[PDB]
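S.K.: Would you mind keeping the following structure in view while I ask a few things?
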Amino acid sequence: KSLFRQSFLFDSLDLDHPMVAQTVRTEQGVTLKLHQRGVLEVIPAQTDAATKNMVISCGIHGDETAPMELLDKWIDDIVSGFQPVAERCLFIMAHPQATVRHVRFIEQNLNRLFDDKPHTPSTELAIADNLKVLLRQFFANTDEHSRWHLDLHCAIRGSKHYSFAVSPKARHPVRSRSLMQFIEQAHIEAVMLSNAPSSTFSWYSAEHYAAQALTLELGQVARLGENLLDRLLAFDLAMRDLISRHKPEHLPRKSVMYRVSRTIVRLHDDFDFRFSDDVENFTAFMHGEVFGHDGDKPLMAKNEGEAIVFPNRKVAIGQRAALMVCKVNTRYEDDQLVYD
C-alpha cells in the first residue's frame with residue numbers, strides 16, 4: 001500500500017524525511033491509523049467485545065534492535081495480509097533518534113523517567129511525557145480486563161537465560177494466567193517478578209491502567225541485523241498468535257519463576273564487584289561468597305542461589321547497581337499468579 005514508503009522501521013529512522021499521519025483501511029478490513037513518527041495503530045475488522053487493546057513497544061532504548069526488525073516485519077505482513085489482525089494494538093517505536101545515533105540513549109536512560117516524580121529537562125524526558133499521552137489517548141473508553149502492554153528490549157550484556165520477562169509491581173492484578181501463557185508460548189526462558197515500583201514504561205502501564213504489562217529482554221544488544229531472529233522464533237510466532245487471536249500452533253515451555261529479592265543501589269564511591277563484564281545475568285551465589293564489598297558494608301548472597309541481574313557499572317551513588325533474584329515456586333488464585 002501507500003501508507004509507508006519502505007518500512008515502518010526505516011520510514012521512522014529517517015530524520016530528513018518526515019512521515020505525516022495517514023489512516024488507511026486494508027483489503028482485509030484492517031484499519032491502520034498512522035499517527036506520528038514511530039507510532040502506528042491497528043484495529044480489528046469487527047472490533048468485538050472480548051478484543052484486547054495491546055501496546056507492543058520497541059526502541060525504548062537505542063542499542064536494542066532485535067525487536068524492531070521483528071516488529072518491523074509484523075507490520076509488513078499486516079498490510080499484505082500475510083498476517084491477520086484481531087486486536088486493537090498500538091505499535092510504538094519511541095526514541096528513534098537514538099536508534100540512529102547507534103547509542104543506548106541521548107542524555108538519560110529513557111526507561112526511568114515515567115514515574116510521577118519530577119525529573120530534569122532531558123531529551124528522553126520529552127519523549128516520556130509524550131508516550132504518556134499516547135497511552136492516555138489509546139486506553140480511552142477501554143477496559144482494563146483487555147489491556148496489554150509489551151515493552152520489547154534486549155540484554156545490555158550476557159545472561160544465563162537468553163531472554164526473560166520482567167513483570168511490574170503494580171497496585172492492581174497485573175500477572176494474569178493469560179499473560180503467563182503468552183510468555184510460555186514465547187518460550188521466554190525466565191520471568192522476574194519485580195518486588196517494588198519503578199519508572200519503566202511497562203510499570204507505568206500496569207500502575208495507571210491495570211494492564212498486563214511486561215518488558216521482555218530478548219537476546220542481547222546486537223547491531224541492527226546481527227540479532228539472530230532465529231532464536232526469537234518462538235517469540236516471533238507467539239506475538240503473531242497474540243495479535244491474530246487464533247490457534248496457538250506450537251508447543252510452549254514453562255519458564256523459571258524468579259522474584260526480585262532486593263535492589264543493590266549504590267551509595268558510596270568505594271564500590272566494587274567480584275566480576276568484570278563476563279558476568280552473565282542470573283549468576284547465582286552460595287551462602288558464603290561475596291560479589292564485591294562497598295568500602296563500608298560488604299555484599300554477599302543472602303540466600304543459597306541468590307542470583308544477580310542488571311550488573312551495571314555506570315551505576316551512580318543514587319541509581320541502582322544490580323538486582324537480586326531467588327527462584328520461587330508459583331501457583332494461581334483466580335486467574336492470577338502468586339508465589340510461595
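Residues in the C-alpha cells are named by chain (A, B, ... in the order shown) and by number from 1 within that chain; ligands are numbered from 1 in the order shown.
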Contacts of residue 57 (chain A) at 7 Å or less, counting only C-alpha atoms, minus same-chain residues fewer than 6 places along, as a list in words?
M.R.: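 Skipping anything fewer than 6 positions along the chain leaves residues 91, 92, 93, 150, 151 and 152 of chain A.
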S.K.: Can I get the selection written as a PDB file, in the first residue's frame, with C-alpha atoms?
M.R.:
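The new file out_31.pdb reads:
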```pdb
ATOM      1  CA  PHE A  91       2.967  -0.258  17.631  1.00  0.00           C
ATOM      2  CA  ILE A  92       5.290   2.177  19.342  1.00  0.00           C
ATOM      3  CA  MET A  93       8.801   2.869  18.126  1.00  0.00           C
ATOM      4  CA  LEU A 150       4.573  -5.468  25.962  1.00  0.00           C
ATOM      5  CA  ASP A 151       7.768  -3.440  26.021  1.00  0.00           C
ATOM      6  CA  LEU A 152      10.424  -5.208  23.912  1.00  0.00           C
TER       7      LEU A 152
END
```
S.K.: From the set A:324, A:127, A:110, A:94, which residue has the shortest atom-to-atom contact distance to residue 261 (chain A), counting only C-alpha atoms?
M.R.: A:324
S.K.: May I ask which of the residues A:88, A:73, A:297, A:208 is the closest one to residue 244 (chain A), counting only C-alpha atoms?
M.R.: A:88
S.K.: Based on the backbone DSSP call, show me all residues of region 35-183 of chain A assigned helix (DSSP H, G or I), as a ChimeraX atom specification.
M.R.: /A:66-79,96-100,123-138,144-146,177-183
S.K.: For residue 96 (chain A), which residue out of A:255, A:122, A:65, A:200 is the nearest one, using only C-alpha atoms?
M.R.: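 Nearest candidate to residue 96 (chain A) out of A:255, A:122, A:65, A:200: A:65.
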S.K.: Out of A:259, A:231, A:95, A:5, which residue has the shortest atom-to-atom distance to residue 165 (chain A) when counting only C-alpha atoms?
M.R.: A:259
S.K.: Using only C-alpha atoms, which protein or nucleic acid residues come within 9 Å of residue 277 (chain A)? Drop anything in the same chain fewer than 4 positions from it, and give the result as a PDB file with N, CA and C atoms, in the first residue's frame.
M.R.:
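Contents of selection.pdb, freshly written:
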```
ATOM      1  N   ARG A 157      23.888  -7.072  28.149  1.00  0.00           N
ATOM      2  CA  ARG A 157      25.041  -7.970  28.289  1.00  0.00           C
ATOM      3  C   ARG A 157      24.594  -9.439  28.320  1.00  0.00           C
ATOM      4  N   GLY A 158      25.533 -10.354  28.536  1.00  0.00           N
ATOM      5  CA  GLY A 158      25.195 -11.770  28.579  1.00  0.00           C
ATOM      6  C   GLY A 158      24.096 -12.122  29.569  1.00  0.00           C
ATOM      7  N   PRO A 311      23.825  -6.218  36.310  1.00  0.00           N
ATOM      8  CA  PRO A 311      25.093  -5.763  36.889  1.00  0.00           C
ATOM      9  C   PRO A 311      25.626  -4.510  36.194  1.00  0.00           C
ATOM     10  N   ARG A 313      27.693  -0.983  35.778  1.00  0.00           N
ATOM     11  CA  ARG A 313      28.978  -0.494  36.266  1.00  0.00           C
ATOM     12  C   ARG A 313      28.943   1.036  36.283  1.00  0.00           C
TER      13      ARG A 313
END
```
